[PDB]
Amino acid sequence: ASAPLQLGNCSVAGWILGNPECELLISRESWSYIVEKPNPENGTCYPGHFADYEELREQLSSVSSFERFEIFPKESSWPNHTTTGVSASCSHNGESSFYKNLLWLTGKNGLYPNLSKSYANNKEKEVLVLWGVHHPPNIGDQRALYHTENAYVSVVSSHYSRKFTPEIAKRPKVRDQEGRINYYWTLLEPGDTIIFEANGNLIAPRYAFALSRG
């Protein structure tokens, strides 16, 4: 008794990151395959590269169990950072907004203290975790948002490891943005742990997805 997941005008990226124009009426839990247009209107509303994208669509294509849960709760994970960041490029009903499943972390009280956040998969299912790395268009923006010019983002899981050094770059304007957010994801097998360490530039997970590929 399994129907396809209909994404409407949205891409998998827009749907899985929580593009504010991509909330379905009935949030579905299992599905046979994903239906999406050749050029969906609404995907990465803040421009940037979605890494290993077709692979994620393959892996999300058949799903028997799907549960959203707040991996790093907004009102308790980040006491010393500003979490409320929105963007005009991710607007909804004419108001600036942001991906529902991510949080733009920025400085607080003139400081961006080094962060370190761990999550251990006790869901007894695979857990899909998504995050982003911000590349500002100039160094003034880098300092204003993150108070460092030597930023690092490191993500380590037992089956994925990567240290990002986001550098400044003035790219062509896309949805009014010259900077970029690059999007990444990893599937956490049960019992595995993921660690985020950063001193800036991290678009942090807020919601993750426990899932069974049945």
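All residue numbers are counted from 1 along the displayed sequence.
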Next item on the list: Return whichever of 31-39 and 143-151 has the greater mean Cα B factor according to the PDB record.
Entry: 31-39
Notebook entry, point to check: Mean CA B-factor: is it higher for 97-105 or for 114-122?
Noted result: 114-122
Next item on the list: Determine which member of 182, 186, 158, 44 has the highest CA B-factor, using the values in the deposited entry.
Entry: 158
Next item on the list: Ordered by C-alpha B-factor within the chain, which third holds residue 3? Give me lowest, middle or highest, please.
Entry: highest
Margin query: Splitting the chain's C-alpha B-factors into thirds, which one does residue 89 fall into?
Written below: middle
Check: For residue 66, does the deposited CA B-factor place it in the lowest, middle or highest third of the chain?
Finding: middle
Notebook entry, point to check: For residue 195, does the deposited CA B-factor place it in the lowest, middle or highest third of the chain?
Noted result: middle
Notebook entry, point to check: Thinking about Cα B factors across the chain, which third does residue 11 belong to?
Noted result: middle
